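So the chains spell out like this:
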Amino acid sequence: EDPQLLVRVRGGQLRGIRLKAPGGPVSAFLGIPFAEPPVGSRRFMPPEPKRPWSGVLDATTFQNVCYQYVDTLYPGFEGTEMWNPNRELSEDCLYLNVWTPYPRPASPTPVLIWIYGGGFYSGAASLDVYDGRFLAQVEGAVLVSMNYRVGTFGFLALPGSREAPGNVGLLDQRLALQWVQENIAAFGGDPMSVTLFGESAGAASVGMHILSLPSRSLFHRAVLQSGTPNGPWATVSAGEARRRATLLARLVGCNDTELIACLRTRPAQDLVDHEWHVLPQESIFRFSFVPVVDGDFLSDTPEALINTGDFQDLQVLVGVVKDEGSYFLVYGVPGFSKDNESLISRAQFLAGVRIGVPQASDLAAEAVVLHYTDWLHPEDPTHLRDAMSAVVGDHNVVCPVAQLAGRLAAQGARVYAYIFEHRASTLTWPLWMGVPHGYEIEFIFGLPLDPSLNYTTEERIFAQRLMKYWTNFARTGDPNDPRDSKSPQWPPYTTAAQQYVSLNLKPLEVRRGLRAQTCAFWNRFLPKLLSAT
Amino acid sequence: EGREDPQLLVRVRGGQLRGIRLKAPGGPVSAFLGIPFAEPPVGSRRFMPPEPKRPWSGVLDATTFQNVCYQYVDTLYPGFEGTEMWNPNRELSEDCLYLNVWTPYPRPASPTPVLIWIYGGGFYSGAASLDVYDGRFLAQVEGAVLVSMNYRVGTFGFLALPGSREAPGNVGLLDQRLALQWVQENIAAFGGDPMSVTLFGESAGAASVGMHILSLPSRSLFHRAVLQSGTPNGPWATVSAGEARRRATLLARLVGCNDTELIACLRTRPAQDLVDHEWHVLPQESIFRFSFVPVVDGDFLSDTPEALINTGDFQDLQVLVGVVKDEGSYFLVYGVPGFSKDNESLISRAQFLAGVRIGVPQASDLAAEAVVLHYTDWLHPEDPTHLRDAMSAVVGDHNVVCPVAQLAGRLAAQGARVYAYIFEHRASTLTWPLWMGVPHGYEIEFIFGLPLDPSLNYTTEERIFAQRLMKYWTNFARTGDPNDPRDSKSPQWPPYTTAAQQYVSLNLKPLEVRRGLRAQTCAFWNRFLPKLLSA
Ligand SMILES: CCN1CCC[C@@H]1CNC(=O)c1cc([N+](=O)[O-])c(N(C)C)cc1OC
Ligand SMILES: CCN1CCC[C@@H]1CNC(=O)c1cc([N+](=O)[O-])c(N(C)C)cc1OC
Ligand SMILES: *[C@@H]1O[C@H](CO)[C@@H](O)[C@H](O)[C@H]1NC(C)=O
Ligand SMILES: *[C@@H]1O[C@H](CO)[C@@H](O)[C@H](O)[C@H]1NC(C)=O
Ligand SMILES: *[C@@H]1O[C@H](CO)[C@@H](O)[C@H](O)[C@H]1NC(C)=O
Ligand SMILES: [Cl-]
């Protein structure tokens, strides 16, 4: 047997598998348990450390996907299926994966931990876009990704209860982080250099680990791609979490202890079947079971915590894609489809705003419409379409990111900001969606280096550039290549200059102001409105 | 008569006039100055509607400007040309209802289109006798008949106790209307065509023009209209009956005074006493707000200008509207701390917030914040230069630029032929500091053709520029179209439409067409802000 594929961790022995990357071999250790299976009476409960095992544990294949909703909007369409579970569904899903160079690193190597997105209701670390073999082979990185419980199983909460305290899916991540501290050195990883990176909900998670004291000893740097702990969708209050919980109970036929008990007797799919039915308003970019402000994992609201925190020791990399809000429109906004160009009326644009901004009063929705209308072409359907997408993208991602970047920089943190503007040649969504939520990922992970994927040679060169930014940031807290002495360099985001760079096929371009005027509308004015309307 | 110039003797309904032969740079013009069109509104006639002038005996000398209507005199900068040029240049009196007429010399052969000028000055000041309203150039170069009238301003013109008969309000507007009727009856005796009468005015005069469009008994008195940097709609041009009544009884208290007994006491007061307490009745600390302005009485103005503009049919109407580049810059020195003409007026963010409350005095705290957030440059939210220019823009957009855009849009959508401009040329002779750019009222001297007078030190280009503007205004007066029908070599001036929102730049360069009258920012002032304040 290959002694490179044999690792001893604190729970026993593992056997990895040697995988082929276009530039050489990597060692992969897939399906490693970091927790006791959260099944039976362990549903809704905090995770427990995995018990030791005898013999050699087979770690050559991906484990099961955490039980979750499966998207059926466009059946067979590779643009939606690419996010769908590629393994069997099970509540027994608390496993992680490790990629490493072959042979294992001679010296301690910086670690990247990926936390997947999926709106806290879906996702898996086994998806092709999260394949860590390229980063391990090309940049010699140790890459880790875990599964964490999503939906009811991960975030159903009856705050104050002992049997559904909330945020267990976040605790799953933290336990995987502790596992890395205890075990990564056996793979060649440096536990004193751990960078978290995640997209969407994963970025929000990374953000919440920044804001939770127990997590802060488990990593040193953070990357938040198109997601924030602050904002309208990533958290709920104890009252709203409690509300959605007993409503789901009432829907499936079910005192807290008695309520949770009956819920635990329910088959997994019975809970998923009514998952979307507990949202208080008709909406998009809104999810039923997400992290809750419990006063424990989150001592206060993320907004309150980023306003008051000292981030002097922090180094962050944040950013967005060009068209954050485009594909959420086809999931609830009338007039939008991936099968036409989605040219909409004006009445439809006002209607879509009540759905895109479901918490807005009449006056606040009016303010949004009047801000986003191009008064030179106030009824042009093309413009009305592009603005609906902008309303959604800015409200949910771009401005919460700008808000976070601003507070962090102002309060000591070292912040780097980007906007991802390249659209993949292989994208299957229509052109009107441009660069949609989550399509920077396949480039960070280095997928275009696989010739069977049919990317362009320019995209391949682009992917290699991004892997260097991300890995150099992990090594240093600075995404700038210390070998390249060319200028322009990537400058840190500050509250004064507000500098950020654009990521595309052309060399880095430095820009200033991250949707400054429009985000001032969202971050400074709208709160004053709703808190008076 | 017998030994005098036979070409200067004219009879009007009230009697005989002797005018004066005036020298323009390119020839002589006929001037008839100080023609009474009303009985002197003095004594028991203060606050009262004007009665037409009773016929006189003999030949009235019409060679000098008559008295300026009693008004406030600007003392902010004593000796400074920038302020003095607007101050009264004749004696102050309540006996001031006279008009002036300029015609070619000798007088026109065929009936000639008439221009009637209505001066501005916030309804508290102004005179038709000022140098910048000199009609000699238009009359000489374009062969136009020009009429300018004095109208009562301030308390004497607009103090109202709505519903009463001793102070019905809007009498300053009735003076203007009476002068329009005078032109209808008498202008043919000068060679003027009473069937081609175009109104034009600036600031409050523009608002006055707008109110004549909206008042039925005035629509038979003119045919076309030009509105320069002013609208009947907007925050300063009108007050409600309740507010006018409120300001009227307050002024009464401040001087020592049943509506009858109250107005009777006011009439016993010296004119100067009324002027001395005029500014003391405003509800808030403010700029671009005037104590005594037209009132919505349900008579001259059947409803609010905004209501009339929204619901009116304007297929018969042809209007020319526009603004200057920096409408708000000089109102800042009359009440916003941190602003002067003697320094660069670079201000702090704190001064910006304080100035917004003054420039938008009716704004709630929430609305004021909305203004600040819209006009803040979030890339440089503390830059004193930007904050200075933004303060000016707030005052300019709120009071002129957006009411005009609102007016143009509703008129165009409802049948009217609308032409729109922005005036971007700063006079080489301007005495105001550079930071004020092209301030309120500094297109006027170009429309009247003052750069033609070589003794005034304008440049050759400004002289050529002035002639273009006279062409536009006169062509529009003649045809309802500023364009020259016999000039394809020059760029055209397209009408303003809802569909395209076109307007032109007025400067030293040829016409440039642009789209959108500050579309985004005016959506804020005209569409969102009202919704906000009513909550
Ligand atoms: C992060 C979630 N994305 C990433 C890849 C695939 C998935 C796309 N689908 C969505 O984000 C999605 C959204 C909403 N919504 O409210 O926004 C929704 N509703 C209400 C029915 C359903 C959705 O998918 C099934
Ligand atoms: C409106 C009169 N203007 C136009 C042409 C020249 C003349 C200049 N003076 C003004 O615009 C002016 C303004 C204000 N204000 O409210 O903005 C004011 N207040 C409050 C005392 C006094 C003013 O002059 C004495
Ligand atoms: C696109 O398709 C959807 C459903 O297929 C429809 O609701 C929408 O109206 C269509 N848009 C246009 C412009 O036809
Ligand atoms: C200009 O003068 C005014 C009044 O004297 C004063 O308030 C202001 O501070 C001055 N501004 C500057 C930049 O000196
Ligand atoms: C024009 O310039 C001359 C030459 O200096 C000067 O004497 C005269 O006073 C100026 N006239 C005006 C109105 O500025
Ligand atoms: Cl709530």
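Residue labels here follow a simple count from 1 along each chain's written sequence instead of the entry's numbering, which may differ, and residues missing coordinates are not shown. To read the labels, note that chains go from A and ligands from 1, taken in the order they are written. Hydrogens and water are ignored here; the side-chain numbers use all heavy atoms of the structure. Residues with missing side-chain atoms are left out of burial classes, side-chain pairs and their counts.

Chain B is annotated in the PDB entry as ACETYLCHOLINESTERASE of Mus musculus. UniProt positions are given in the numbering used here, feature names are shortened, and annotations may be inferred rather than shown by experiment. Looking at the Function heading of the UniProt record, one finds this comment for chain B: "Terminates signal transduction at the neuromuscular junction by rapid hydrolysis of the acetylcholine released into the synaptic cleft." The heading Catalytic activity in the UniProt record of chain B holds the text "acetylcholine + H2O = choline + acetate + H(+)".

The PDB entry lists chain A under the name ACETYLCHOLINESTERASE, with Mus musculus as the source organism. Under Catalytic activity, UniProt gives the following word-for-word description of chain A: "acetylcholine + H2O = choline + acetate + H(+)". Recorded in UniProt for chain A, the comment headed Sequence similarities runs: "Belongs to the type-B carboxylesterase/lipase family."

## Some words on the sheet that holds strand β8 (residues 95-101) of chain A
All names here are of chain A. Ordered in space as β3-β4-β8-β10-β9-β11-β12-β13-β14-β15-β16, the 11 strands form an open sheet in which the pairing is mixed. Unpaired on one side and paired on the other, β3 (17-21) and β16 (509-512) mark the two borders of the sheet. Looking at each pair of strands side by side, their axes are set apart by 25° on average, direction ignored. Bridge count for β8 against strand β10 (residues 142-146) is four bridges, and the pairing is antiparallel. The residue of β10 that forms the bridge with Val98 is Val144. The strands touched by helix α5 (residues 201-210) within the sheet are β9 (109-115), β11 (189-199), β12 (221-225) and β13 (315-321), with β11 carrying the most contacts at an inclination of about 130°. Note on pairing: two strands pair once DSSP finds at least 2 bridges between them. For the purposes of this entry, the term helix denotes a DSSP run of H or I that reaches at least four residues, the term strand denotes a run of E that reaches at least two, and both are numbered from the N terminus. Helix axes are fitted only over the stretch in contact, all axes being lines through C-alpha atoms; the angle between N-to-C directions runs from 0 to 180 degrees. Contact definition: two residues touch when any of their heavy atoms are within 4.5 Å.

## Regarding the site of ligand 2
All names here are of chain B. The environment of ligand 2 is made up of 15 residues, and the closest members are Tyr124, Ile287, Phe288, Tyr330 and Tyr334. Pairs of N or O atoms are called polar contacts if they sit within 3.5 Å, as long as, within protein, a hydrogen donor faces a hydrogen acceptor (for residues adjacent in sequence, only side-chain-to-side-chain pairs). In this structure, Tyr124 approaches ligand 2 through a side-chain N or O atom, which is 3.2 Å from an oxygen atom. The backbone of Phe288 places a nitrogen or oxygen atom 2.7 Å from an oxygen atom of ligand 2. Using a 1.4 Å probe, accessible areas were evaluated by the Shrake-Rupley method; residue-level cover was limited to the displayed protein chains. Relative to its unbound accessible surface of 560 Å², ligand 2 loses 87% to contact with the protein. Classifying every residue of the shell around ligand 2 gives 10 nonpolar, three polar and two charged. To be near a molecule or strand, a residue needs just one of its heavy atoms within 4 Å of it. Only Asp, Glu, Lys and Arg are considered charged in this grouping, and only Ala, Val, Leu, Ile, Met, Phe, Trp, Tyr, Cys and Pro are considered nonpolar; every other residue, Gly among them, is considered polar.

## Thoughts on the UniProt feature "active site" in chain A
All names here are of chain A. UniProt's feature table lists "active site" at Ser200, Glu324 and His437, given in the numbering used throughout. Turning to its location among the elements, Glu324 is positioned in the loop between β13 and α10 (346-356). Residue contacts for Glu324: discarding those within four places in its chain leaves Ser226, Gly393, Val397, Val398, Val435 and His437. Among the polar contacts listed, one links the side chain of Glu324 to the side chain of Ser226, at a separation of 2.7 Å. Inspection of the secondary structure assignment puts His437 in the loop between β14 (414-420) and α13 (441-444). Aside from chain neighbours lying at most four places away, what touches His437 is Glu199, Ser200, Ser226, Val321, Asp323, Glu324, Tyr327, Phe328 and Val397. Within the local environment of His437, its side chain forms a polar contact with the side chain of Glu199, the two groups lying 3.4 Å apart.

## Points about the sheet that holds strand β2 (residues 12-15) of chain A
Residues and elements named next belong to chain A. Judged by pairing direction, the sheet is mixed, and its three strands sit side by side in the order β1-β2-β5 without closing on themselves. The outermost strands of the open sheet, each flanked by one partner alone, are β1 (6-9) and β5 (56-58). Mean inter-strand twist for the sheet, computed between neighbouring axes without regard to direction, equals 35°. With three bridges joining them, β2 and β5 adopt parallel strand pairing. Within β5, the residue paired with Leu14 across the bridge is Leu57.

## Observations regarding the packing of helix α12 (residues 384-413) of chain B against helix α15 (residues 519-533) of chain B
Residues and elements named next belong to chain B. Interhelical geometry of α12 versus α15 gives an angle of 85° and a closest axis separation of 9 Å. Viewed along their axes, α12 and α15 adopt a mutual orientation that is roughly perpendicular. Contact residues: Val394, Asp397, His398, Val401, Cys402, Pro403, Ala405 and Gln406 in α12; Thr521, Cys522, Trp525 and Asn526 in α15. Within the contact of α12 with α15, the residues separate by chemical class into seven nonpolar, four polar and one charged. Orientation is classified from the angle alone, with under 35 degrees giving roughly parallel, over 145 giving roughly antiparallel, 65 to 115 giving roughly perpendicular, and any other angle giving oblique.

## What to know about the site of ligand 3
Residue and element names in this part refer to chain A. The environment of ligand 3 is made up of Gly335, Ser337, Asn340 and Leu343. Interatomic distance of 2.6 Å between a side-chain N/O atom of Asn340 and an oxygen atom of ligand 3. Here ligand 3, which alone exposes 360 Å², has 37% of that area covered by the protein. The class makeup of the residues in the shell around ligand 3 is one nonpolar, three polar and no charged.

## A few points about the interface of chain A and chain B
Accessible area lost upon the coming together of the parts serves often as the stated size of an interface. Contact residues are listed per partner, giving 20 residues for chain A and 21 residues for chain B. Note on chain A versus chain B: buried area summed over both sides is about 1800 Å², and carbon and sulfur give 66% of it. Broken down residue by residue, the surface that chain A buries against chain B is led by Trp375(A), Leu376(A) and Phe525(A), which jointly contribute 34%. Each reported salt bridge corresponds to a side-chain nitrogen of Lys or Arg within 4 Å of a carboxyl oxygen of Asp or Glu. Here chain A is connected to chain B by zero salt bridges. At the level of elements, α11 (362-372) and α15 (516-530) of chain A are the ones that each hand at least two residues to the side of chain A that touches chain B. The element best represented in the side of chain A that touches chain B is α15(A), accounting for seven residues. The class makeup of the residues in the side of chain A that touches chain B is 10 nonpolar, six polar and four charged. Buried area is calculated as the accessible area (1.4 Å probe) missing from two parts once they are joined, with the contributions of both summed.

## Brief notes about α12(B)
All names here are of chain B. The span you would expect from a helix comes to 1.5 Å times its residue count less one. The end-to-end C-alpha distance of α12, which contains 30 residues, comes to 40 Å, matching closely the 44 Å that a straight helix rising 1.5 Å per residue would cover. With a 1.4 Å probe rolled over the protein chains alone, any residue whose accessible area is under 20% of its type maximum counts as buried; one over 50% counts as exposed, and the rest are partly exposed. Counting buried residues along α12, 22 of its 30 residues qualify, which places the element largely inside the surrounding structure. Residue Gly415 follows α12 closely and has a positive phi angle near 110°.

## Some points on the UniProt feature "disulfide bond" in chain A
Residue and element names in this part refer to chain A. With its sulfur atoms 2.0 Å apart, the listed UniProt disulfide between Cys66 and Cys93 is closed in this model. On the criterion of sequence distance, the pair formed by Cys66 in strand β6 (residues 65-66) and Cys93 in the loop between β7 (89-90) and β8 is long-range, its members being 27 residues apart. Like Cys93, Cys66 is buried. Criterion for a disulfide: a pair of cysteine sulfur atoms within 2.5 Å. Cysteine pair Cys254 and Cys262, annotated in UniProt as disulfide-bonded: S-S separation 2.0 Å, below the 2.5 Å cut-off, and the bond is accordingly regarded as formed.

## Overview of the UniProt feature "disulfide bond" in chain B
Residues and elements named next belong to chain B. At 2.0 Å, the distance between the sulfur atoms of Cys257 and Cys265 falls under 2.5 Å, matching the disulfide given in UniProt. On the basis of relative accessible area, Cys257 is assigned to the partly exposed category, the value being 31%. By relative accessible area, which is 18% here, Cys265 ends up buried. Of the disulfides listed in UniProt, the one linking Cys402 with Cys522 is reproduced by the coordinates, which place the two sulfurs 2.0 Å apart.

## Re the side chain of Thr471(A)
Here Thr471(A) is to be found in helix α14 (residues 457-476). Not counting residues up to four positions away in its chain, the partners in contact with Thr471(A) are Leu135(A) and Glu139(A).

## Some words on the packing of aromatic side chains
Residues and elements named next belong to chain A. Two rings from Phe, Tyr or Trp (for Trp, the six-membered ring) form a pair when their centres are within 6.5 Å of each other. A pair whose planes differ by under 30 degrees is stacked, one over 60 is edge-to-face, and the rest are tilted. Summed over the entire model, instances satisfying the criterion amount to 76 aromatic pairs over all chains. Consider the rings of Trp83 and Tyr439, whose centres lie 5.7 Å apart with planes at 85°: the pair is edge-to-face. Between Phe443 and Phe462 the ring centres are 5.7 Å apart and the planes differ by 55°, which places this aromatic pair in the tilted class. Taken together, the residues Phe443 in helix α13 and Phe462 in helix α14 connect sequence positions 19 residues apart. Classification of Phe443 as buried rests on a relative accessible area of 0%. In this structure, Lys338 packs its charged tip against the face of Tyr74, placed 5.0 Å from the ring centre. A positively charged side chain is recorded as over a ring if its NZ (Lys) or CZ (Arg) lies within 6 Å of the ring centre. The angle to the ring normal must also be within 35 degrees.

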